[PDB]
Amino acid sequence: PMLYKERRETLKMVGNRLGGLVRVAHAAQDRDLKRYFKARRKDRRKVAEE
Amino acid sequence: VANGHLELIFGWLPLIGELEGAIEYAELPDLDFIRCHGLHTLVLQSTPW
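In order, the protein sequence lines correspond to chains A and B. 4 is the number of the first residue of the first sequence in my numbering; add one for each residue after it. 75 is the number of the first residue of the second sequence in my numbering; add one for each residue after it.
Given below as structure tokens:
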């Protein structure tokens, strides 16, 4: 098992960056959208594309 | 009456002077200025530590 240490490291210990992608997503691209749900139909014609 | 109405209109004449002066004063072309701002942003990335 000590022969696979560096390999497991470069496999997952660095792969945590990929997990960091979903963090920003869940934090901003779906939580900050609370404004679209409160605006009148007159603003959905723009907020969707925005 | 021919003399009274003439005197009356001659006395009314001067007031029309200042009335037209005020009318001209209302047409003076003047104005100010307006100015605004704005800012949009966008997140880039992030990683733990």
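Here a beta-carbon is modelled for each residue, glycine too, at the ideal position from N, C-alpha and C.
Taken atom to atom, the span from the alpha-carbon of B/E94 to that of B/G85 is near 16 Å.
Boundaries of the alpha helix (DSSP H) around B/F84: 76 to 100. The alpha carbon of A/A28 has as its nearest neighbour, out of B/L118, B/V75, B/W123, the alpha carbon of B/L118. If you draw a straight line from the Cα of B/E81 to the Cα of B/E98, it is about 27 Å long.
Taking a Cβ-Cβ threshold of 7 Å, the residues of chain A close to B/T121 are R20, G23, in chain order. Not a single CB atom of chain B sits nearer than 9 Å to the CB of A/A42. Contact check for A/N19 against B/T115 fails: the beta carbons are separated by 9 Å or more. Assignment of A/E52 by DSSP, reduced to helix, strand and coil, places it in the coil class.
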